[PDB]
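These notes concern the structure reproduced below.
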Amino acid sequence: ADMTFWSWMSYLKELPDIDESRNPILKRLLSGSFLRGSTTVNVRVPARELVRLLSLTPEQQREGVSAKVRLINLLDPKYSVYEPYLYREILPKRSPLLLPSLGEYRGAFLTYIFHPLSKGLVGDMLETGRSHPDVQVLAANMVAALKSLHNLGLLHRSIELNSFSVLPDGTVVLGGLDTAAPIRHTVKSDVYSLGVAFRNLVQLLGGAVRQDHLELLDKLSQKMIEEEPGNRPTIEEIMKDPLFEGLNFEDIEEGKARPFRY
């Protein structure tokens, strides 16, 4: 649902405070020019005050956290609170294949979203050759993740390989949800974008990497990037592609896939 200026401003005020004097994020931002969309700050070793604010388990403490920060714009509050709004009001507390929030806060001039500190973005990881995943399972993980967003009535609208990230436990999740919007952009434009990401994946990978999986993914991606939306398969048709036969999609959707284990 699309709100009004006063709604967004009101919602901004409803976000809980964070204490910025007790917090190295501001210091890091002032020690450079980092602040642009959003800016990401990694906190590999959260301090006591941040551990308390987020109620981090010892496991979470060891994983680290990342903060997504945006400058509050008083002429357009939507830009700074849209993503917090999605996390608080629209997305389930834990959809298994979507990037989880650990908390949303407002300071004097910034909004904050905390995330688990990811092991990396999928595009970057494959590009550096750091990881050789099971192509079949990764592709299925990616389709499933998108489907889980469509089931909530949301398009992503900016899918790329780096939309996907690998959590410390090895779960691959869909992030970059600040561009998400209700179901011009349609389900078929998300199919196109995911197709382009698959093409990107095949170009990068031409351990668990199998040549027959790559050829099948290339064929699937060619269907997904058809110029005419009507000629592109639905998510349902994609899930019945030859590439995914023998896979239990229910397990993928529950978040049990680990495409980057050998």
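Positions are given from 1, in the same order as the sequence printed here. Scope of the values below: all heavy atoms of this structure, side chains included, with no hydrogens, waters or symmetry mates.
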Handout entry: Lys188 atom NZ, over 12 foreign heavy atoms within 6.0 Å
Key =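 Yes, enclosed.
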Practice task
Inspect the surroundings of CD in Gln203 and state if more than 12 heavy atoms from other residues, nucleotides or ligands are less than 6.0 Å away.
Solution key: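 Above 12, so yes.
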In the structure I gave you, are the side-chain heavy atoms of [X] and [Y] within less than 4.5 Å of one another anywhere?
| X | Y | answer |
| --- | --- | --- |
| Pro233 | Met224 | yes |
| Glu49 | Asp19 | no |
| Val81 | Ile72 | no |
| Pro116 | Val65 | no |
| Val143 | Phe244 | yes |
| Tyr85 | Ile90 | yes |
| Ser118 | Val166 | no |
| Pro229 | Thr186 | no |

May I have all residue pairs that pass side-chain hydrogen bond (donor to acceptor under 3.5 Å, both in side chains) and include part of [range], sequence neighbours excluded?
| range | result |
| --- | --- |
| residues 125-137 | none |
| residues 232-250 | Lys223-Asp241, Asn248-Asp251 |
| residues 88-106 | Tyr11-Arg88, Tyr11-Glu89, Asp17-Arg106, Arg88-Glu104, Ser101-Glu104 |

Handout entry: Residues that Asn162 engages under side-chain hydrogen bond (donor to acceptor under 3.5 Å, both in side chains), provided they are two or more places apart
Key =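 Counting only residues at least two positions away or on another chain, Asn162 forms a side-chain hydrogen bond (donor to acceptor under 3.5 Å, both in side chains) with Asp124.
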Practice task
For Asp190, check side-chain hydrogen bond (donor to acceptor under 3.5 Å, both in side chains) against everything at least two apart and list the hits.
Solution key: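 side-chain hydrogen bond (donor to acceptor under 3.5 Å, both in side chains) check on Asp190 returns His150.
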What's the spacing between [X] [atom1] and [Y] [atom2] if we round to 0.5 Å?
| X | Y | atom1 | atom2 | result |
| --- | --- | --- | --- | --- |
| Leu201 | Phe164 | CG | CZ | 10.0 Å |
| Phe114 | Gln60 | CZ | CD | 13.0 Å |
| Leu194 | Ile159 | CG | CD1 | 5.5 Å |
| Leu110 | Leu26 | CG | CG | 6.0 Å |
| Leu98 | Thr171 | CG | OG1 | 12.0 Å |
| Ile183 | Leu155 | CD1 | CG | 5.0 Å |

Cluster check [X], [Y]: I/L/V/M/F/W/Y, side chain < 4.5 angstrom:
| X | Y | result |
| --- | --- | --- |
| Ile18 | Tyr87 | no |
| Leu121 | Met142 | no |
| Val135 | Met239 | yes |
| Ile235 | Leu138 | yes |
| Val172 | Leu117 | no |

Give a yes or no on whether the backbone of [Y] and the side-chain of [X] come within a donor-acceptor separation of less than 3.5 Å.
| X | Y | answer |
| --- | --- | --- |
| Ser7 | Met3 | no |
| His115 | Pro100 | yes |
| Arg157 | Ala180 | no |
| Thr111 | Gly107 | no |
| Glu253 | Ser148 | no |

Provide the closest heavy-atom pair for [X] versus [Y] in the form atom of the first, atom of the second, distance.
| X | Y | result |
| --- | --- | --- |
| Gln61 | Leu56 | N-CB, 4.3 Å |
| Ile25 | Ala67 | CD1-CB, 3.7 Å |
| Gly176 | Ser158 | O-OG, 4.2 Å |
| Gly170 | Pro259 | O-CD, 4.2 Å |
| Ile252 | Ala144 | CG2-CB, 3.8 Å |
| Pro182 | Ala1 | CG-N, 4.2 Å |

Handout entry: Verdict with reasoning, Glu254 to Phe249, per side chain to side chain contact (heavy atoms under 4.5 Å, CB included)
Key = CA-CA 9 Å; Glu254 286 323 308; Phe249 262 102; over 6 Å; no
Problem - Members sharing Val196's hydrophobic cluster (side chains within less than 4.5 Å) - result: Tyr192, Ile225
Practice task
Show which residues join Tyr79 in its hydrophobic cluster (side-chain heavy-atom contacts under 4.5 Å, direct or indirect), or state none.
Solution key: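 Direct or chained contacts put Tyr79 with none.
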Problem - Stepwise side chain to side chain contact (heavy atoms under 4.5 Å, CB included) check, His213 with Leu243 - result: CA-CA 7 Å; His213 284 170; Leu243 171 61; 4.3 Å; yes
Practice task
With sequence neighbours excluded, give me every salt bridge (charged side-chain N to carboxylate O under 4.0 Å, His left out) pair touching residues 55-84.
Solution key: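 Residue pairs with at least one partner in residues 55-84: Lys68-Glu83, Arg70-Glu83, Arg70-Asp178.
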Handout entry: Residue pairs passing the salt bridge (charged side-chain N to carboxylate O under 4.0 Å, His left out) test where at least one lies in residues 196-212, sequence neighbours excluded
Key =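 Of all non-adjacent pairs touching residues 196-212, those that pass salt bridge (charged side-chain N to carboxylate O under 4.0 Å, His left out) are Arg199-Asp218, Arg210-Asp212.
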Would you be so kind as to tabulate the donor-acceptor pairs closer than 3.5 Å made by side chains of residues 33-48, with sequence neighbours excluded?
residue: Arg36; atom: NH1; partner: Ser38; partner atom: O; Å: 2.5
residue: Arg36; atom: NH2; partner: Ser38; partner atom: O; Å: 3.1
residue: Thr39; atom: OG1; partner: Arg36; partner atom: N; Å: 3.4

Handout entry: side chain to side chain contact (heavy atoms under 4.5 Å, CB included) against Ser163, all qualifying residues, sequence neighbours excluded
Key = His156, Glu160, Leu174
Fill in the blank from the handout: Residue set satisfying side chain to side chain contact (heavy atoms under 4.5 Å, CB included) with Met9, at least two apart, ordered chain then number -> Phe5, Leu12, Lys13, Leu74, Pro77
Exercise for the section: Report the C-alpha separation of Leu126 and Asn200 in whole Å, then their side-chain angles, then the decisive distance to 0.1 Å, and conclude whether the side chain to side chain contact (heavy atoms under 4.5 Å, CB included) test is met. Expected result: CA-CA 10 Å; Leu126 295 183; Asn200 190 358; over 6 Å; no
